[PDB]
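Right, one structure below, let's go through it.
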Amino acid sequence: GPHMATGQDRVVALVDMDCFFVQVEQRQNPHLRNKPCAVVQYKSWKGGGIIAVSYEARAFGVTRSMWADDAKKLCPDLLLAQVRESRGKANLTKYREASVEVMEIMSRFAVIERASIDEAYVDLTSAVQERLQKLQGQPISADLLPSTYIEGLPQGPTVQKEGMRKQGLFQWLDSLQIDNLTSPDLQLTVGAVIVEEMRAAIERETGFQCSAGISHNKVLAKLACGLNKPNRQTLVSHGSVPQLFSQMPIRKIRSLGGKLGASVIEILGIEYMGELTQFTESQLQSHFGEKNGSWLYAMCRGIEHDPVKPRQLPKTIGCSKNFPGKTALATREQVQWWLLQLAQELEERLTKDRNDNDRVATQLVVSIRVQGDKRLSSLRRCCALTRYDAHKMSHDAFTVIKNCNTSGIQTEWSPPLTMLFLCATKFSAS
DNA sequence: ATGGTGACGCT
DNA sequence: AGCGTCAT
Ligand SMILES: Nc1ccn([C@H]2C[C@H](O)[C@@H](COP(=O)(O)NP(=O)(O)OP(=O)(O)O)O2)c(=O)n1
Ligand SMILES: [Mg+2]
Ligand SMILES: [Mg+2]
């Protein structure tokens with residue numbers, strides 16, 4: 001009791017843009033607004049691959065990874081925006097620039113951790129303490145939480161969504177202990193007030209809507225965010241965890257959506273995150289390792305210690321292209337031309353990064369996939385990145401991979417290459 | 001023949 | 001270092 005950690009020491013939010021690439025394209029082109037819309041990459045193979053889908057389009061069953069020609073079968077009036085192509089490849093600059101717009105606004109509120117192109121974690125612990133002192137033990141109005149869901153409420157002793165949201169918010173607020181500055185539930189509530197202000201700032205200053213989770217750690221904040229997308233935020237309290245987890249599939253928790261999570265289910269014979277509470281820490285460590293077992297033991301109790309890292313910028317800048325099926329690169333000259341295209345994009349992004357961010361990359365990593373292998377990478381090699389020059393980078397990449405070529409003939413490349421990837425890494429101050 | 005990314009753990 | 005996992 002008096003010495004058991006409850007993981008209630010921090011206020012952490014996760015802010016995730018709604019259908020992000022689509023909103024970028026809808027801001028640009030008003031004809032796409034409030035319509036079933038998707039963003040596609042590469043129009044020639046089956047209409048292109050869908051990578052982002054508006055909520056109106058999702059209602060028809062359109063998803064990411066679908067071919068646009070197939071999406072049009074579900075949603076005949078689906079509108080499309082195409083990713084830019086430059087140097088023979090998809091170029092994501094517009095979306096990266098839009099991401100910076102959002103990240104810079106979030107950064108005004110608190111230290112952020114950029115976790116993807118469209119989401120960041122926020123550690124609001126300090127901001128909440130500051131706001132609590134300014135809130136001279138005075139109650140928090142529901143009007144300050146106009147887009148907030150309280151997970152698990154309403155409960156106990158109106159058939160529209162908004163009525164339910166408000167009833168739960170009222171139950172929550174009515175039971176808060178406003179006179180104690182150290183109450184975790186109060187801390188979360190003030191965190192939610194702050195996130196409302198953050199989300200309003202993003203929408204006002206960019207046009208983009210987002211969702212958010214507010215909880216005591218990253219995993220709960222991320223889970224919370226998705227519970228009421230789009231354009232809403234969700235507070236997951238420590239007390240909400242047992243019910244929430246009791247029917248929560250293991251694969252829904254961040255980091256458990258792959259082979260580890262499948263192994264938890266198989267080895268333990270369980271389905272839901274809450275069922276993990278029945279195992280000792282040692283037991284979990286015995287199956288999943290020291291680090292994973294400790295993490296699972298705490299996480300299934302709503303506890304996690306992974307800090308919000310102070311990092312707004314990506315740590316690597318990379319350029320890749322696949323060459324599937326019959327398009328696999330089978331000549332030496334093809335290989336060089338494409339390495340050059342990638343290097344050229346990389347140069348342009350690196351030069352802009354150095355001017356914006358006062359840093360320089362020092363290592364170039366070259367990765368290739370060989371026909372027949374279904375690993376992301378078949379082979380990675382690194383070399384020095386000493387000059388932002390595309391011909392140099394492309395020549396150096398070729399140097400470090402050219403011995404992979406099994407061909408006896410000079411001018412051929414075998415086995416043909418199904419992927420090229422250049423990545424700049426190991427940044428230093430400049 | 002979703003593709004183009006990007007962070008981080010293991011040995 | 002180079003490989004693998006997980007995710008958006
Ligand atoms: N596999 C993926 C996942 C995301 N993305 C891109 C396109 C997305 O708009 C953007 C952000 O990813 P996301 O947050 O997983 N999904 P998105 O923001 O589109 O929709 P929401 O479900 O977050 O509302 O990254 C991608 O190109 N390939
Ligand atoms: Mg998103
Ligand atoms: Mg996201």
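Atoms considered below: every heavy atom in the structure, side chains included; atoms not considered: hydrogens, waters and symmetry mates. A note on names: the letters A, B, ... follow the listed sequences, proteins ahead of strands, and every chain is numbered from 1.
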Subject >> Set of side-chain hydrogen bond (donor to acceptor under 3.5 Å, both in side chains) partners for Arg204(A), sequence neighbours left out >> reply: none

**OP:** Using a 4.0 Å heavy-atom cut-off across all strands, classify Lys374(A) as base, sugar-phosphate, or nothing.
**Re:** nothing

**OP:** Would you mind classifying the nucleic acid contact of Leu256(A) as base, sugar-phosphate or nothing, using non-hydrogen atoms under 4.0 angstrom?
**Re:** sugar-phosphate

Original post:
Salt bridge or not for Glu119(A) and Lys222(A), using N-O below 4.0 Å?
Top reply: yes

Original post:
How many Å lie between CE on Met419(A) and P on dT2(B), as a whole number?
Top reply: 16 Å

**OP:** Describe the nucleic acid contact of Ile50(A) in one word from base, sugar-phosphate, nothing, applying a heavy-atom distance below 4.0 Å.
**Re:** base

Subject >> Qualifying ring-ring contact (aromatic ring centres under 6.0 Å, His included) pairs, either residue in residues 185-209 of chain A, two or more places apart >> reply: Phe20(A)-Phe208(A)

**OP:** Look at all strands and tell whether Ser116(A) reaches a base, only sugar-phosphate, or nothing, counting heavy atoms closer than 4.0 Å.
**Re:** sugar-phosphate

Subject >> Test: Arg131(A) and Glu197(A) ion pair at under 4.0 Å >> reply: yes

Original post:
Mind checking what makes side-chain contact (heavy atoms from CB on, under 4.5 Å) contact with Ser65(A), not counting sequence neighbours?
Top reply: none

Subject >> With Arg369(A) via side-chain contact (heavy atoms from CB on, under 4.5 Å) - residues at least two apart >> reply: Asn322(A), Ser378(A), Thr418(A), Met419(A)

**OP:** Mind checking side-chain hydrogen bond (donor to acceptor under 3.5 Å, both in side chains) for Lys73(A) and listing every partner two or more places apart, or none if nothing turns up?
**Re:** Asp70(A)

Original post:
If the sugar-phosphate is the primed atoms plus P, OP1 and OP2 and the base is the rest, what is the B/S/- string for nucleotides 6-11 of chain B, using protein heavy atoms under 4.0 Å?
Top reply: SSSS--

**OP:** Using a cut-off of strictly less than 4.0 Å, decide whether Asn322(A) has a side-chain nitrogen or oxygen near OP1 or OP2 of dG4(B).
**Re:** yes

**OP:** For nucleotides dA1(B) and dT8(C), find the distance between their P atoms and express it as a whole number of Å.
**Re:** 24 Å

Original post:
First and last nucleotide of DNA chain C touching chain A, 5' to 3', heavy-atom cut-off 4.0 Å?
Top reply: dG2(C) to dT8(C)

**OP:** Take atom CG of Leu346(A) and atom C1' of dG4(B), then tell me their distance rounded to the nearest Å.
**Re:** 14 Å

**OP:** Look at all strands and tell whether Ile117(A) reaches a base, only sugar-phosphate, or nothing, counting heavy atoms closer than 4.0 Å.
**Re:** nothing

**OP:** For nucleotides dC6(C) and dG4(B), find the distance between their P atoms and express it as a whole number of Å.
**Re:** 23 Å

Subject >> Nearest-Å distance for atom pair OH/P, residues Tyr95(A) and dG3(B) >> reply: 17 Å

Original post:
ring-ring contact (aromatic ring centres under 6.0 Å, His included) with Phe323(A): which residues, sequence neighbours excluded?
Top reply: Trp338(A)

Subject >> Nucleotide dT2(B), atom P - distance to CG of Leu92(A) in whole Å >> reply: 19 Å

**OP:** Establish, with yes or no, whether the OP1 or OP2 oxygen of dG4(B) is under 4.0 angstrom from a side-chain nitrogen or oxygen of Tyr42(A).
**Re:** yes

Subject >> 5′-ward residue of the pair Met66(A)/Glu345(A) relative to DNA chain B >> reply: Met66(A)

**OP:** Flag the pair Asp353(A) and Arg349(A) as a salt bridge only when some basic side-chain nitrogen lies within less than 4.0 angstrom of an acidic carboxylate oxygen.
**Re:** no

Subject >> side-chain hydrogen bond (donor to acceptor under 3.5 Å, both in side chains) against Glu113(A), all qualifying residues, sequence neighbours excluded >> reply: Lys218(A)

**OP:** Check whether any side-chain nitrogen or oxygen of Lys89(A) sits under 4.0 Å from OP1 or OP2 of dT5(B), and answer yes or no.
**Re:** yes

Subject >> OP1 or OP2 of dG4(B) under 4.0 Å from side-chain N/O of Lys321(A) >> reply: yes

